[PDB]
Each structure stands twice: as structure tokens, then as C-alpha cells.
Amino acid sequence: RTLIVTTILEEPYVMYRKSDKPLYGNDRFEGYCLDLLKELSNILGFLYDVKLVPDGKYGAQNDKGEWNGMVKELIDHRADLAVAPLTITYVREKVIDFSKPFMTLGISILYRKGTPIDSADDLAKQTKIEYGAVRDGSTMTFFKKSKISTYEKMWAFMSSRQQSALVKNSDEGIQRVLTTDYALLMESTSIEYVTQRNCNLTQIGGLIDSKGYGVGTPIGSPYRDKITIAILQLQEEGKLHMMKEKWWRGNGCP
């Protein structure tokens, strides 16, 4: 049987391809995650049908404890795999079986160039520069749950004023950084992508934490361990490195 793959539009992982006519099926899409799925399919010998997650969410819980997003598609067996920049977190790993990571990353800061800001601590100890994250994503959750003093202080700020410092999506965050005195807490792989395309922006400081993106599968899936072993082969062959360079290299920023 052909596997159903849940995913989400997110540059440069999954994008609509450009054409002169309406597109259908897997031909709608291109990006790093499409290349990853062609390599996984090459090694493992499955066919697949890519399906955008109907609610347009990655996966978090509502106040009843019920999941949404790609994570919920896997829980409910409406997808076999999720292939997206789906952060491997404690809360999600309890409810789905993630492969080992195909990409490693951490939270960092996207801000304008030319300023004296150098770290999260520099942001935490002040209130003139606003800062926030995408609402309900794993970066926001990291701040919400942290018991590290600096990160607790930052969460107090971000959550204040009915969460006015948060944004609904990364593109909104990026425009806010570009327009106003605002720093976005963002996963470092996305910061790399953005700062190679907008030379007025930069990463501030290093990575705050360390985590990965993995392919999601339902708990008990026979595909999880097969996909992990395929990812390790692709990593060791230098294929994942090549695929990242293909999709991230920009017009170049100093």
C-alpha cells in the first residue's frame, strides 16, 4: 500500500512548485522534505501520497488535552508519516514515534544587524526591544516550560499583554523584525535560511538549546526504525548535507 504523508507548507522544506498550469498530487510540491521523501522511498521501496495537514498546524494540545496538526493525523492513523520541520520534543515523542533526526538545530535569535545586542540575556534584562516567538510552536513551549531564570523572565515578557509579543507565523515575525524594534526567537535552521536572503538581518548569539527534526510515525509503526536506518545511511553518505546546501544557499550575505 501507498503511504499517506502529512506535511505543511514551510519554506524551503515544502513549497508549491511554479508552473503555468494547475498542479495535482505530489507534483504540486518541491523542497528539502520532498527530496528527503524521494531518498527515503528509494531506500525503502514505498510509494507515497503527500497530503497537506487539513488544519495547517504542526501539533500541540488544546485545553482538553486533545492533539491537533500533523501530530494528530498520525495519532488517528490518517497519515503513515509526517515529513516536515517537525521538532522532536518531549511532549510530542510521548504520543508519536519519531525517527532519529534528519536535521539538528536549536532556538536562536533573529534581529537586525549593527546593534549591541549579543545574547538572550541582553534581551531579558530590558523592555525597550520587544521579542517573541510563533504562538504555540515548540519555541514558545520551550519558554513556557523553562525553569531557567533568564528564560522564565523572557516568558513573562512574551506572555504579557495578552501575548502581544507573539506572532502567528514566521513570516509575520520576520516582517516585524524588519519594521519595528523586535527580535524573533526562531529555530536556527530557519534563521540561516532567512539571513542568507535578507542581508539586513542576522542571528544574535548561539543556540539556546539543541534538538532535531524527525519523521513522525504513529506509535508502533513498523516504518519508524526503517526510516531511522535510512536517515543514518543518508547522513553517512553526505546526502543530507548536500540536500541542505541545495535548498539553503542564498544570493549570499556577509
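Only the largest set of C-alpha atoms that superpose within 1.5 Å between the two forms is called the rigid core. Residue positions are given as counts along the sequence shown, with the first one as 1.
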Greatest C-alpha divergence in 9 other deposited structures of this protein once each structure is fitted on the rigid core, 69-77 or 104-112: 104-112
Comparing 117-125 and 82-90 where Cα RMS over structures and residues is taken in 9 other deposited structures of this protein (core fit), larger one: 117-125
Mean temperature factor over C-alpha atoms, higher-scoring stretch between 199-207 and 65-73: 199-207
Which of 213-221 and 39-47 has higher mean CA B factor, as the PDB entry lists it: 39-47
Out of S99, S138, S160, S108, residue topping the C-alpha B-factor column of the entry: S160
Most elevated Cα B-factor in the entry, residues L86, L81, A183, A124: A124
For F143, the third of its chain into which the C-alpha B factor falls: highest
CA B-factor placement of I229, once the chain's modelled residues are sorted into thirds: lowest
Assigned third (lowest, middle, highest) for the C-alpha B factor of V95: lowest
